[PDB]
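K.L.:
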Amino acid sequence: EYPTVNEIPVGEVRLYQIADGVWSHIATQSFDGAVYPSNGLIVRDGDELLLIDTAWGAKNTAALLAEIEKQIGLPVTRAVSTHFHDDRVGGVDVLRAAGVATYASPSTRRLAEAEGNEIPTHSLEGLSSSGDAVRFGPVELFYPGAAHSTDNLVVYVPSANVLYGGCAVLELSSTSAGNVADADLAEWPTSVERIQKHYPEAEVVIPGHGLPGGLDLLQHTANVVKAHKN
Ligand SMILES: [Zn+2]
Ligand SMILES: [Zn+2]
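Residue numbers (the entry's author numbering): 30 to 45, 47 to 64, 66 to 100, 102 to 107, 109 to 131, 133 to 150, 165 to 205, 209 to 211, 215 to 265, 277 to 295.
(1) Can you check which of these residues, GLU30, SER141, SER54 and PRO68, is closest to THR169 by C-alpha distance?
(2) Where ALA240 and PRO186 are concerned, what is the direct C-alpha to C-alpha distance, given to the nearest angstrom?
(3) Alpha carbon to alpha carbon, how far is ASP62 from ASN233?
(4) Between which two residues does the beta strand (DSSP E) holding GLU79 run?
(5) Under the criterion of a Cβ to heavy atom distance below 7 Å, does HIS263 qualify as lining ligand 2?
(6) Does DSSP put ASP180 in a helix, a strand or coil?
(7) Measuring alpha carbon to alpha carbon, tell me which of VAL125, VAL202 and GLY40 ends up nearest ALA256.
(8) Does the Cβ of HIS196 lie closer than 7 Å to at least one heavy atom of ligand 1?
(9) Comparing C-alpha positions only, which one of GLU149, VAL109 and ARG144 sits nearest to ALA131?
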């Protein structure tokens, strides 16, 4: 069913249909001597597509665009990066050069610049406080508070009851919170609680890495982060 690392080589991207006009994109990348799968989202908006997150690299992101053209046949016109790390902004330059308007919060843009990563072109205002929510094309963007990073955004597709958590949400098989160098472990469970409270009708929850599931990914994440912190 849902692709895993073993089934996607680095440089290749698969799409997985979640709902009508909602797909995840799955790519693999080598980081610090380990290969990991990574998810982002694609949402139909009329005869155009909104992309959430790059495919983690310029080559992967070019492969992503090529795979979208083959499988869906509609142009990607806008993209949003959900935090400042390279699984999320790496490839923005490819998108921009391809004519895609790239967006992120001012905080993500600042952090990306400070870290030497690619920087989305446009700022998304109205997301500076925990609980803030803004409409963007066919999705709602939500800032739940600091979790995996201080700037992390989550994305809800109202038409499909699909919640894309990015790296603020962990898959059910996870036993740890993973890379926590930029994380706020004290706040993270509270940030997840905000998501739970704001999107109780969510039917599918997609983590930044790994298998989609139901609403239980949220509580599981809070539990793992709490147990991580000890
Ligand atoms: Zn990250
Ligand atoms: Zn990540």
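Where a beta carbon is used, it is the ideal one built from N, C-alpha and C, also for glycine.
P.N.:
On the basis of the coordinates in this document:
(1) The sequence position of residue 169 within the sequence shown is 121, counting from 1. For the residues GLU30, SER141, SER54 and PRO68, the minimum Cα distance to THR169 belongs to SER141.
(2) Translated into positions along the sequence shown, residue 240 becomes position 186. Translated into positions along the sequence shown, residue 186 becomes position 138. Cα to Cα, the separation comes out at about 32 Å.
(3) Residue numbering aside, residue 62 sits at position 32 when the sequence shown is read from its first letter. Residue numbering aside, residue 233 sits at position 179 when the sequence shown is read from its first letter. Using only the alpha carbons, I get a separation of about 11 Å.
(4) Within the sequence shown, residue 79 is the residue found at index 48, counting from 1. First-last of the beta strand (DSSP E) with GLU79: 79-83.
(5) Taking the first residue of the sequence shown as 1, we reach residue 263 at position 209. The answer is yes for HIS263.
(6) Looking up residue 180 in the sequence shown gives position 132. Coil at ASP180, not helix or strand.
(7) Walking along the sequence shown from the start, residue 256 turns up at place 202. With distances taken between Cα atoms, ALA256 lies closest to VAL202.
(8) Locating residue 196 in the sequence shown gives position 148, counting from the first residue. Yes, ligand 1 has a heavy atom inside 7 Å of this Cβ.
(9) As a working mapping, residue 131 is identified with position 98 in the sequence shown. Nearest of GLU149, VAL109 and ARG144 to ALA131, Cα basis: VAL109.
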